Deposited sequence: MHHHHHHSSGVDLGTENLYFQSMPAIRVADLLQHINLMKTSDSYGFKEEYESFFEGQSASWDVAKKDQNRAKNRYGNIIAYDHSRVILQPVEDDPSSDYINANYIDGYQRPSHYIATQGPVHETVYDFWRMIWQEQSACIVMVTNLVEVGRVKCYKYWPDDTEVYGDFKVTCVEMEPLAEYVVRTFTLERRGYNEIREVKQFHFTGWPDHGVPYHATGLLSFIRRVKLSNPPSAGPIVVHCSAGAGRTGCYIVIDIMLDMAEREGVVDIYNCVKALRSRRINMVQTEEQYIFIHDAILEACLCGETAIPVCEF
């Protein structure tokens, strides 16, 4: 499956929405659905309470291994994913549950992550999709003290700046959470515009020297997948004038089960990248209205 020139992306997308022979249905259905690798550690009885969705758990070969605190405390439902010319640039993870909040922060500390990207709301309908693992003011989780030092609310997202302290460690770290709130309860965004703005804000904020960006939604598969693929493809487009969305999804799915969970999401990835390529960074509303 060859890469698509960015100038050809608009026709490629139309054809994929039009062709009776081969379109988005056929292409999406060709991805490997389900378990493609061992997840023995994720499946052991001691880690049962650590997985939000029992079907979307971390593969052995690509998982984030925590130094023990309890032999079974090496586990978090999280996998490393490569970025564009950036090995292990992301961690794809579930939305923490009450029982994994402490491990979540341990992972942030261990991996020296500067950015958390949250692509879910806490509650959707009446279903709790993610634990509120951060304070509005200050909170302690085990030996971690998290303090919210700034909140910057935009239309479709909020940027929260924290300090992170660990008992017994002299260094006070900063962690910034980029919380996209403009993902609809059902579907994909009607406009890619807010998510693109969000994506560009993260690119501008993450230090190249920082650890992996921690990306999560609820399960850590669908919306997490969308964010990462768009982010990587925009890097590829800028450098090479080409995107390879199909092989990008394929690569993610080697690292973590079912990244990009629906065909609608796969199509949305295309629409979002196209708006980004057509419109750019300084765009007026007439572009892809």
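Residues of the deposited sequence lacking C-alpha coordinates, counted from 1, fall in the stretches 1 to 22, 92 to 93.
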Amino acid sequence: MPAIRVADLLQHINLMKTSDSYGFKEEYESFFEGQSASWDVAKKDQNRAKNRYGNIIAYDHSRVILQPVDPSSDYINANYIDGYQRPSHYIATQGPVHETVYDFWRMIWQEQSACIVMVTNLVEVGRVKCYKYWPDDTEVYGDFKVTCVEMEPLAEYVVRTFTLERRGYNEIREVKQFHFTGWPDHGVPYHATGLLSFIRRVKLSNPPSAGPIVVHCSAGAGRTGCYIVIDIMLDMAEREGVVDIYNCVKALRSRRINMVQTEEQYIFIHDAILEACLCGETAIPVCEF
From here on, numbers count along this sequence of modelled residues.
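Per the PDB record, residue ranking by Cα B-factor puts residue 16 in the highest third of the chain. The deposited CA B-factor of residue 27 belongs to the middle third of values across its chain. Ranked by Cα temperature factor within the chain, residue 55 sits in the highest third according to the deposited record. Ranked by Cα temperature factor within the chain, residue 94 sits in the middle third according to the deposited record. Sort the modelled residues of the chain by CA B factor and residue 198 lands in the lowest third.
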